[PDB]
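Okay, structure first, notes after.
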Amino acid sequence: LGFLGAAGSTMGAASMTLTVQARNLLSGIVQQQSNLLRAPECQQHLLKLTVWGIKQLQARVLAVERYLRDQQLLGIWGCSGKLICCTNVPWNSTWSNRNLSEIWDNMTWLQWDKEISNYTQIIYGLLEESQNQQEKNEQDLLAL
Amino acid sequence: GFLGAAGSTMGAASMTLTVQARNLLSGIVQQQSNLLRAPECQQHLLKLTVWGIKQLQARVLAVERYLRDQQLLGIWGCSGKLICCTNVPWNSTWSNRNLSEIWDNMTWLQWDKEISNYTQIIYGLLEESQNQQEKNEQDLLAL
Amino acid sequence: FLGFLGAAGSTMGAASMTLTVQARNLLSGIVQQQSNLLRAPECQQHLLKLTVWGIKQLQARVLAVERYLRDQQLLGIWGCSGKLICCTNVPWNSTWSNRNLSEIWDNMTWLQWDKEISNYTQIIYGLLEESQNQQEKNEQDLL
Amino acid sequence: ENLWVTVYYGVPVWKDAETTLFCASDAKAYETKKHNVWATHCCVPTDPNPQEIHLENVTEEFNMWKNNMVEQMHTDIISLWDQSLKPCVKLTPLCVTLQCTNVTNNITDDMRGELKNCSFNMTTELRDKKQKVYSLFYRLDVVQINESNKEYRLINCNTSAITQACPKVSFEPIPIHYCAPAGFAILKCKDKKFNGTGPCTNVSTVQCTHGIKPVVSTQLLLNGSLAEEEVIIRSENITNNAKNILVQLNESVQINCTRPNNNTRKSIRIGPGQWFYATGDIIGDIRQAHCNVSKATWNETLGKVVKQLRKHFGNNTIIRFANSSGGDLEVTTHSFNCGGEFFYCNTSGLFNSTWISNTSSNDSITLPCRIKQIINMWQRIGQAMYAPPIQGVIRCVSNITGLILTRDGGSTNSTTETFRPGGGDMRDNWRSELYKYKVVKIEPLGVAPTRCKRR
Amino acid sequence: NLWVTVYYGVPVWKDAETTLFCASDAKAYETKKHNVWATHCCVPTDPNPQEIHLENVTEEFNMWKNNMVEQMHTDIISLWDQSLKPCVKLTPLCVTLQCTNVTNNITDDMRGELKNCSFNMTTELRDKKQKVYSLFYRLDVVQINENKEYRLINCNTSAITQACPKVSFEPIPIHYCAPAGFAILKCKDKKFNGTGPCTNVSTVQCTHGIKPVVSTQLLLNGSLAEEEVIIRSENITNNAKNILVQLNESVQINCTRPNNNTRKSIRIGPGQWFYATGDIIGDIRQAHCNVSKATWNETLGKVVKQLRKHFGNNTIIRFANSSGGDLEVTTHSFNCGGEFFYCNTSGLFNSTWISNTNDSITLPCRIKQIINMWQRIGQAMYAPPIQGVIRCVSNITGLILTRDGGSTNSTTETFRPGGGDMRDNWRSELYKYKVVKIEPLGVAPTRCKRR
Amino acid sequence: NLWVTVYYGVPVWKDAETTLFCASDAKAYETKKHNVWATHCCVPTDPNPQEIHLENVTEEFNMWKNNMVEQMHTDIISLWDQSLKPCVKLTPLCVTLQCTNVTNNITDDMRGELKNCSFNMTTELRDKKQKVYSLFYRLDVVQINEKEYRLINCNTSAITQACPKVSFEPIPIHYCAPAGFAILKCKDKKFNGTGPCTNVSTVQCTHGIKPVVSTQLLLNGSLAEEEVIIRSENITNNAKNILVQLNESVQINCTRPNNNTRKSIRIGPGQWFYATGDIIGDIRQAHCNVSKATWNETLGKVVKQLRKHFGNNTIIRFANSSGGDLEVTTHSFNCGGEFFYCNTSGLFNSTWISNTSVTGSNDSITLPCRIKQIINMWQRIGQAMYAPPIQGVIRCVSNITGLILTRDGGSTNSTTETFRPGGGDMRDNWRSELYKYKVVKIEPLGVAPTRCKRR
Ligand SMILES: *[C@@H]1O[C@H](CO)[C@@H](O[C@@H]2O[C@H](CO)[C@@H](O[C@@H]3O[C@H](CO[C@H]4O[C@H](CO)[C@@H](O)[C@H](O)[C@@H]4O)[C@@H](O)[C@H](O[C@H]4O[C@H](CO)[C@@H](O)[C@H](O)[C@@H]4O)[C@@H]3O)[C@H](O)[C@H]2NC(C)=O)[C@H](O)[C@H]1NC(C)=O
Ligand SMILES: *[C@@H]1O[C@H](CO)[C@@H](O[C@@H]2O[C@H](CO)[C@@H](O)[C@H](O)[C@H]2NC(C)=O)[C@H](O)[C@H]1NC(C)=O
Ligand SMILES: *[C@@H]1O[C@H](CO)[C@@H](O[C@@H]2O[C@H](CO)[C@@H](O)[C@H](O)[C@H]2NC(C)=O)[C@H](O)[C@H]1NC(C)=O
Ligand SMILES: *[C@@H]1O[C@H](CO)[C@@H](O[C@@H]2O[C@H](CO)[C@@H](O)[C@H](O)[C@H]2NC(C)=O)[C@H](O)[C@H]1NC(C)=O
Ligand SMILES: *[C@@H]1O[C@H](CO)[C@@H](O[C@@H]2O[C@H](CO)[C@@H](O)[C@H](O)[C@H]2NC(C)=O)[C@H](O)[C@H]1NC(C)=O
Ligand SMILES: *[C@@H]1O[C@H](CO)[C@@H](O)[C@H](O)[C@H]1NC(C)=O
Ligand SMILES: *[C@@H]1O[C@H](CO)[C@@H](O)[C@H](O)[C@H]1NC(C)=O
Ligand SMILES: *[C@@H]1O[C@H](CO)[C@@H](O)[C@H](O)[C@H]1NC(C)=O
Ligand SMILES: *[C@@H]1O[C@H](CO)[C@@H](O)[C@H](O)[C@H]1NC(C)=O
Ligand SMILES: *[C@@H]1O[C@H](CO)[C@@H](O)[C@H](O)[C@H]1NC(C)=O
Ligand SMILES: *[C@@H]1O[C@H](CO)[C@@H](O)[C@H](O)[C@H]1NC(C)=O
């Protein structure tokens, strides 16, 4: 039901839960601070920065950057803000020889992204290329 | 007039949404327009570690707040919009006040107190609505 | 393969191709270098012996994040969030540059063009932000 | 006609909050050249004018005794002050079995026994040399050890080591502003004669506070700001007489404080770049450092204060000003910094007059002031600071803009109420001038109903 | 003809690592009363810890090479060092120390152990010395001769520093918590043994309350197995590995330093105070521990029964005490009340238990004040004395054993104390958890493309 | 009618200041377990980064305004200070020494070079001293006018000894940019240090520049491509130093031929003084050999290049250094864990009109070199580093790759343009290698006209 609750479920059954993981992907900081409100002793007993000082801020900025890198990696393919969206790239049987009956059902996401690990950078590049083409075309289409 | 319409009722006040929203993390530009506040400020921050961590903490908290709000707009499908209708009806449990009574004869501040225990519920409902909408879009692409 | 700045010498029109590389580097470098910092040595215990090293490095990292976030906001205020090429309703001024399409997009690199109209940049931005507001205004009138 | 949720972003809603406010000031031309510590700190400019946007139809609940803003800046000045002090020479070698005698070099009757000529082998930080060293001290800084003459130590020695404040750093009170980071705002109360709590009628938003000079003082508030056309009295609890009491004045009172002694310095080499500044001889007749205050100005001012007091405690009640109680010089006297030196002035010559229902010149009040070179800054245990001597005669001229009081009530009879100087806690020094202000969290996101629906 | 779709927020993860952040109970100031684990773990826990069950999810765990243990090690050393850095230094407290054995209502054993030692001390003023005395334990002081000349042991290689008074190292249960983008997976396989994919796994905001307990050769104030006794070892057949043993019952131990102590607060420098041991108010007795004998017997019975498994059916099993070496590894070292107890465990491990073809056990204990904790990293931390009498009551929840080199003999497999690597003390809890990083973004095929 | 359009990802940049990443090779890291460079610059380099040639690009460079060398200077001094931070201080040693001439199997040139000094040191016990002794080099000892000796800076500077286990041996370093920044590398052959560069390529990290410390000559450096290159901020203003990069290295075989013994004496708890034990064998001066013919040939190259800027009717002479402290007077370096200081007067003794004015086919120039242990690193007064002695015999071999020269004055057309050794500025030492590189901030955003407008 909750965070990662559909991890063992099939990809089709876990296609919507994306929202819960999404919230956590940032909202852990809310668990770290500002809802787990910093105790009045914070920064008086964390003047000793070497313990739980700099390192906590490292963790926060690293989480922020993971979020930004992924968000930019989405937007550079288009589909900014959308959990799910299609693209104009057809599926290569090289990456995976599996059916929707075998993909959306019968198998979990962990299995899936393991089974298509080595090709990840391939597909991403295609999406990037696709997005770029569209934008340029539209501009000239809008000029004509 | 940043916050100049705070006492104004909602109807007039909503004309200053651009005015307020423009100031979301204006330190993203102002601090950069302050040349990182000085060369000497940079020297001070490195020399005295305490204000280093303090001022750095301030900046990262501001960025985190910015990004939290932006994600909350995104998950509702309301990215880049000052205003967006969301396909979630209004409950009389939340406010039984007349539409005239809410958009006039009433300020935003009073309204924030009026709905203090329910905003998060509305947000969850918005999340659910946008989720269903995106799944509908996927199915429509399939069909 | 082009390279990160491979298009710098390519003509402006040709250089407009494959802007994706330079957009993505600003964060791909952050994540890749950070991974190669944290573990590939496993010496953060040493690097953090000196407070000043941590303050310097952490400031630099958040500054890179801030720069990217600054650009994202300045695109959003122009309605350019989520696009690498985006047009507006502002007509060009010969005051900024009188050259024509051939004289600009051909036999010219982006460096020369940047030097040509640097001192007008603040003008254009104003117009751009100004422009976006009216579109929102019209939408707000539909709303 | 039916209503639907709609997201409203850019909403001018706010909350009270606590946060990391950052220091800013007039850049000027850095003419202090990083000598004064707050040209190393607060170097971000406040040069643009404040925004000053009226919050029409808005009334805001302020409470200056709950101003956390005060707390952050108080902590900041403490931390900065210690951090400035730390990278200097440690005078811990000077904590020795000291031999002292009286000076007696053309000394006035008032200053008999105040100054001591002291000497001992002391230290060179070169192994087994023991080069003799002598200097001058004020009696407050030195204490007998046992029941030549007597064995003496520095007063600090039993408490902690002592650090010498570097001569290259100044603590002059240049004004500062406090500016909010992004997402926050400062609200400034313009309701004149705001008594310190409750709603404020009309208010502006700003990015930064006005220029506040973070002066250190104990009883009198110096180089401050004045009230709006009327003396004002403020207190967390008027009823309870155990609370500190804030007096803000309509007119400033000039005070001319002086150390008239034409003194010199002795440079002593302790070690490799370790240098100690010892108080040298005094050229000329040795007199007492003291302050002249316009007597007529003081009595007129205190009449105005008495009227304001009567507003709360009745205008047929009898009011008296008496001196402070006993205790260390840090709380009993009016203490302040004059160009680096630390004056400690007997204010009993000020708070002496009595008032009755009367209706149903160049003479100066003299305040003798003691000079103390060991300072327990911020009332800290340990962390002692050695104020180095300063050459020549010093004259500080200052605006008294207010002060602190504590009340001895009439108890059973409830006929006479007596007032004595108070303070000593710099939180109260801040709160006097920083009382129009409140940090506010901005929350630009909200929702509301509307007939319009999602398209 | 299937098309590419991008999915953001996928519930997947990979093995991951990061500085987990502390979460204390923050129940009251009395637990924040100058204790490092609460004063410096400023962040509290969720009052209601949450746990999400993961249906049909199998996850590999390996309690060995588990990063979070190393994180706890780095954190204890860092918190310790920074806590005890701003403290009074005893570095000039090295002179010829003149000692004589104390004998005043004393146990024959304590003879020599305790020792009166006259001394030349520094004062607040640089130019004066003062003659003082203090009692010392023989473990602290070494004899130097050409007969009554002595020094402190560590003074030839390291600087001696007091622990700050009114500072508590009393362990407090800590919840290690995952930052944003990360998660903690908790394994609940009964008899998991510490390695392999867990049959049932559940994501959790933070680990359960782990007390950073310092115990040697055994586990104190830890968790218990659900049934029987769990044996854990990275390589059971390798005799150089430490066997972690987790019980499903706790063993009762009462440890005590009976002597009624007094203390002198001497001034050595400006603001520098030294805590000296004054005369003992009561009699002189040795510290010791009472272990429930029958409980210990049945405990070792369960342990040997579980040991016979995977070591041969009806194989003969024997117990023996530790080897020689330095006291921190040969004896049960631990902290009670703020003082360091060094107990002879030889009365616990003995005899054979094959058993086929009430009462209390007393363990004497020495008291040591100067401590080199970890691998000589404490750098002569000097434990200040505590006035009065010291008593602790504890649960042994696990044992650290090592098998002898009996592989070539194939008979009478002999187990001895182990330990000395404090990581084990936390492994025995941290086996239950693993750190992972969410990899939210992925792709999959679909029936449709962009219009 | 052309219309505004905003592009993101634009290939443009600006000059800037930032912070870079000190990365090193993994092999030199793991082998050099306790070296300062390996451990501080722990970040591994890219095993094979791709350099991006900027086809059809022109970029300007000015290696005298390069922020990078300043940052490297700050970083290296910081690292040096950090390495010595936990090591023991030698201020307890500052005691009068009872010394004699060692007089034990010594060649004629080294007589009076070494002193055998006895003294009283602190023990592990603060109430006990020990009579100990060690040998010293004469540059590290001064006489009292009244056998009575002290160190040079016994009562002037804070002295600290290097910990025995740490290594300062240079290792190749790469400097990597942060995100939003790239490094532009000028590859044009015979780049004189200023102006446009045709052959330029973009890089993530520089090549393995080895951070050698040096004074006059540039060691273990990089070479020019075809011919010797002479570079100077102003060719005629002799106020500026002149940098020489050779196109062929020169081998130097240098040594301290003295089988020394390192003794370890306990100062206190965990404090060890490291003393020079009795030498095994005879005592000979340290020295550096260089090939005579190779030397003159290199000088022929450099005069050939120099003549471009002064004319081929101009006499060109090389003389030895002017007076001053040893640290710039000699050529100094720290190969082998001890600090050599070499008399370069044998070098730079000639005049050049038509090649050299002066067989020696097998002749080699032998520079004598003093040793010393207390070092005023970076020419800072009041602080110093005691090198611990190294047991055994020191042998080192090095590639000279460049020089630092300066010109005298004298207003005359019949001048000889006297060149002399210069340097002593670590900045100049860096600048010799890191000149081909500049850092640039990438500004991905741009705006242009177009055929396209928003509908
Ligand atoms: C320019 O670059 C050249 C490159 O060769 C440098 O020349 C050599 O530099 C090395 C420095 O590492 C010289 O000395 C070497 O030092 C090592 C340090 O030993 C440490 O470990 C022992 C362990 O007990 C300690 O006792 C000791 O005090 C040190 O702490 C030695 O271990 C090396 O010897 C080993 O390797 C050599 C490699 O050939 C073997 O031959 C040896 O048998 C042994 O296994 C080594 O002595 C080295 O001598 C230099 N070369 C020559 C020919 O002398 C230049 O220094 C450099 N110059 C500048 C200005 O940058
Ligand atoms: C609160 O009200 C007072 C008036 O009672 C305002 O005072 C005005 O200040 C401005 C400042 O330039 C003057 O121009 C006006 O003339 C003043 N008013 C009058 C009636 O003279 C004050 O500004 C108000 N405060 C805020 C925050 O708006
Ligand atoms: C572990 O497996 C058991 C089944 O063998 C699961 O069932 C029970 O879950 C409850 C949840 O409160 C536990 O208290 C019980 O101990 C479990 N066992 C039994 C026999 O009831 C359990 O859910 C699994 N754990 C996880 C994390 O998936
Ligand atoms: C390089 O140095 C030369 C002199 O060494 C400079 O030429 C001088 O320029 C000033 C400019 O006012 C004149 O007053 C002097 O008379 C010139 N010197 C001579 C000898 O004629 C030259 O300007 C410098 N150039 C740069 C780029 O630094
Ligand atoms: C520089 O000094 C060297 C000696 O170190 C000179 O070489 C000697 O020159 C004299 C000249 O009369 C000869 O007699 C010696 O035989 C030379 N000895 C060597 C070492 O070769 C050298 O000549 C000097 N420089 C110049 C150009 O005169
Ligand atoms: C779909 O399923 C059938 C039968 O299970 C199988 O033969 C076929 O290979 C599957 N297709 C893909 C693309 O995996
Ligand atoms: C540089 O100019 C040549 C001239 O023909 C051209 O072919 C080349 O493409 C240009 N470089 C780039 C990177 O476009
Ligand atoms: C521990 O396990 C044994 C196994 O038989 C069982 O008898 C005993 O009751 C268990 N202890 C507890 C406390 O459940
Ligand atoms: C200079 O070098 C050349 C070439 O090695 C050699 O033949 C000559 O004898 C050397 N001496 C002179 C003439 O400087
Ligand atoms: C060398 O002399 C010739 C003689 O004409 C002259 O042309 C040339 O410029 C001179 N070169 C130099 C570098 O002086
Ligand atoms: C060079 O000679 C000219 C005359 O030919 C003279 O004016 C000038 O001063 C001389 N230069 C110097 C540097 O003496």
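Order determines the names: the first chain of the structure tokens is A, the second B, and so forth; residues in each chain are numbered 1 upward, and ligands are numbered 1 upward as they are shown.
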
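All residues of protein, DNA or RNA that reach within 6 Å of stretch 409-424 of chain F, judged by only C-alpha atoms and not counting those fewer than 6 positions away in the chain, are residues 215, 216, 315, 316, 317, 318, 319, 320, 321 and 328 of chain F.
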
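A distance cut-off of 10 Å from ligand 4, applied to only C-alpha atoms and all ligand atoms, picks out the residues residues 232, 233, 234, 235, 236, 237, 238, 239, 240 and 411 of chain F.
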
Once you count only C-alpha atoms and all ligand atoms, which residues end up within 10 Å of ligand 1, and could you hand them over as a short mmCIF file (atom, residue, chain, number, x, y, z; two decimals) with N, CA, C and O atoms, in the first residue's frame?
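Heads up, here's the output in selection-v4.cif:
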```
data_model
loop_
_atom_site.label_atom_id
_atom_site.label_comp_id
_atom_site.auth_asym_id
_atom_site.auth_seq_id
_atom_site.Cartn_x
_atom_site.Cartn_y
_atom_site.Cartn_z
N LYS F 32 52.28 5.08 -2.73
CA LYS F 32 52.63 6.15 -1.79
C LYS F 32 51.56 6.19 -0.70
O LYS F 32 50.65 7.03 -0.69
N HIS F 34 51.64 6.87 2.60
CA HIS F 34 51.63 7.93 3.59
C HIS F 34 52.08 9.27 3.01
O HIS F 34 52.45 10.17 3.77
N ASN F 35 52.03 9.43 1.69
CA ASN F 35 52.42 10.70 1.08
C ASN F 35 51.27 11.69 1.15
O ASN F 35 50.10 11.32 1.07
N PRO F 164 58.05 11.49 10.81
CA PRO F 164 58.98 10.65 10.06
C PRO F 164 58.34 9.92 8.90
O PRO F 164 59.01 9.69 7.88
N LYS F 165 57.07 9.55 9.01
CA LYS F 165 56.44 8.63 8.07
C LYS F 165 55.83 9.31 6.86
O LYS F 165 55.63 8.65 5.84
N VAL F 166 55.53 10.60 6.93
CA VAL F 166 54.85 11.30 5.85
C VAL F 166 55.87 11.59 4.75
O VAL F 166 57.05 11.83 5.04
N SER F 167 55.42 11.55 3.50
CA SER F 167 56.28 11.80 2.35
C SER F 167 55.77 13.00 1.57
O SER F 167 54.56 13.12 1.33
N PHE F 168 56.69 13.89 1.20
CA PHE F 168 56.38 15.05 0.37
C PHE F 168 56.83 14.86 -1.07
O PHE F 168 56.91 15.84 -1.82
N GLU F 169 57.13 13.63 -1.48
CA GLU F 169 57.62 13.39 -2.82
C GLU F 169 56.57 13.79 -3.85
O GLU F 169 55.42 13.34 -3.76
N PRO F 170 56.89 14.64 -4.83
CA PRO F 170 55.89 14.99 -5.84
C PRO F 170 55.38 13.80 -6.64
O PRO F 170 56.13 12.87 -6.96
N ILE F 171 54.09 13.85 -6.96
CA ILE F 171 53.39 12.84 -7.75
C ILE F 171 52.63 13.59 -8.83
O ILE F 171 52.21 14.73 -8.61
N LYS F 210 53.48 17.46 -12.22
CA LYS F 210 54.07 17.05 -10.95
C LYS F 210 54.42 18.28 -10.11
O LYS F 210 55.24 19.09 -10.55
N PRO F 211 53.85 18.44 -8.91
CA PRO F 211 54.08 19.71 -8.19
C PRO F 211 55.41 19.72 -7.46
O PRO F 211 55.51 19.56 -6.24
N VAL F 212 56.47 19.92 -8.22
CA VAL F 212 57.82 19.99 -7.66
C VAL F 212 58.04 21.39 -7.10
O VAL F 212 57.64 22.39 -7.71
N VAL F 213 58.70 21.46 -5.95
CA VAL F 213 59.12 22.73 -5.37
C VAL F 213 60.55 23.00 -5.79
O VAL F 213 61.40 22.10 -5.77
N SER F 214 60.83 24.24 -6.18
CA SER F 214 62.11 24.59 -6.76
C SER F 214 62.26 26.10 -6.71
O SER F 214 61.29 26.83 -6.50
N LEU F 217 65.99 26.55 -11.08
CA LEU F 217 65.86 25.65 -12.20
C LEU F 217 64.55 24.89 -12.05
O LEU F 217 64.04 24.72 -10.94
N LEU F 218 63.99 24.47 -13.18
CA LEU F 218 62.74 23.72 -13.20
C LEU F 218 63.08 22.26 -13.44
O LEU F 218 63.74 21.92 -14.43
N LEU F 219 62.63 21.39 -12.53
CA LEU F 219 63.03 19.99 -12.50
C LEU F 219 61.84 19.08 -12.76
O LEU F 219 60.71 19.40 -12.40
N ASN F 220 62.12 17.94 -13.40
CA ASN F 220 61.13 16.90 -13.65
C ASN F 220 59.88 17.46 -14.34
O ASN F 220 58.77 17.00 -14.13
N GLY F 221 60.09 18.47 -15.18
CA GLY F 221 59.01 19.20 -15.82
C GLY F 221 58.74 18.70 -17.22
O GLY F 221 59.15 17.60 -17.61
N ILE F 252 70.76 15.62 -14.32
CA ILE F 252 71.57 16.02 -13.18
C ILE F 252 71.66 14.85 -12.22
O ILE F 252 70.62 14.38 -11.74
N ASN F 253 72.88 14.41 -11.94
CA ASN F 253 73.14 13.35 -10.97
C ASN F 253 73.63 14.01 -9.70
O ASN F 253 74.75 14.50 -9.66
N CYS F 254 72.81 14.02 -8.65
CA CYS F 254 73.17 14.72 -7.43
C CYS F 254 73.07 13.77 -6.24
O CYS F 254 72.41 12.73 -6.31
N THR F 255 73.79 14.10 -5.17
CA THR F 255 73.87 13.19 -4.05
C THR F 255 74.35 13.92 -2.80
O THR F 255 75.03 14.94 -2.87
N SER F 332 67.86 25.18 -4.69
CA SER F 332 67.52 24.28 -3.60
C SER F 332 66.41 23.33 -3.99
O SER F 332 65.55 23.64 -4.82
N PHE F 333 66.44 22.15 -3.38
CA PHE F 333 65.37 21.18 -3.61
C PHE F 333 65.44 20.09 -2.55
O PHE F 333 66.47 19.91 -1.89
N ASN F 334 64.34 19.34 -2.43
CA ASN F 334 64.16 18.36 -1.37
C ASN F 334 64.01 16.95 -1.90
O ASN F 334 63.13 16.20 -1.46
N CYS F 335 64.86 16.55 -2.83
CA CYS F 335 64.95 15.14 -3.17
C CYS F 335 65.63 14.39 -2.03
O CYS F 335 66.56 14.89 -1.40
N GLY F 336 65.16 13.17 -1.77
CA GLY F 336 65.78 12.33 -0.78
C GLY F 336 65.50 12.70 0.65
O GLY F 336 66.22 12.24 1.54
N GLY F 337 64.51 13.54 0.91
CA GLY F 337 64.10 13.82 2.27
C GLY F 337 65.01 14.75 3.03
O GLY F 337 64.81 14.93 4.23
N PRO F 389 66.63 13.85 9.69
CA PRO F 389 67.70 13.26 8.88
C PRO F 389 67.30 11.90 8.35
O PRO F 389 66.48 11.20 8.94
N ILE F 390 67.89 11.54 7.22
CA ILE F 390 67.59 10.30 6.52
C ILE F 390 68.80 9.40 6.63
O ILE F 390 69.89 9.75 6.17
N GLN F 391 68.61 8.23 7.24
CA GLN F 391 69.69 7.28 7.35
C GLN F 391 70.11 6.81 5.96
O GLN F 391 69.28 6.72 5.05
N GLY F 392 71.40 6.52 5.80
CA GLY F 392 71.93 6.03 4.55
C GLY F 392 72.57 7.11 3.71
O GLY F 392 73.04 8.12 4.25
N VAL F 393 72.59 6.91 2.40
CA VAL F 393 73.24 7.81 1.45
C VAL F 393 72.21 8.23 0.42
O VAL F 393 71.41 7.41 -0.05
N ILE F 394 72.22 9.52 0.06
CA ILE F 394 71.19 10.09 -0.81
C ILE F 394 71.73 10.18 -2.22
O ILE F 394 72.76 10.81 -2.46
N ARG F 395 71.00 9.58 -3.16
CA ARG F 395 71.28 9.70 -4.59
C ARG F 395 69.99 10.12 -5.28
O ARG F 395 68.92 9.60 -4.96
N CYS F 396 70.09 11.06 -6.21
CA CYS F 396 68.95 11.57 -6.95
C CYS F 396 69.38 11.86 -8.38
O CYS F 396 70.52 12.27 -8.63
N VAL F 397 68.47 11.64 -9.32
CA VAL F 397 68.68 11.95 -10.73
C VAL F 397 67.47 12.73 -11.20
O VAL F 397 66.33 12.38 -10.86
N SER F 398 67.69 13.80 -11.96
CA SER F 398 66.61 14.70 -12.33
C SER F 398 66.78 15.30 -13.71
O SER F 398 67.89 15.52 -14.19
N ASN F 399 65.64 15.58 -14.34
CA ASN F 399 65.57 16.25 -15.64
C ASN F 399 65.36 17.73 -15.38
O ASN F 399 64.29 18.13 -14.92
N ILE F 400 66.36 18.56 -15.69
CA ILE F 400 66.09 19.98 -15.87
C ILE F 400 65.30 20.12 -17.16
O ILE F 400 65.63 19.51 -18.18
#
```

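Residue neighbourhood of residue E:402, excluding near-sequence residues (fewer than 6 positions): residues 239, 240, 241, 242, 243, 414, 415, 416, 417, 418 and 419 of chain E, at 9 Å, using only C-alpha atoms.
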
*Mind listing as a ChimeraX atom specification which residues of chain A are within 10 Å of chain B, counting only C-alpha atoms?*
/A:15-20,22-23,26-27,29-30,33-34,43,47-49,53-54,57,60-61,63-64,67-68,71,80-86
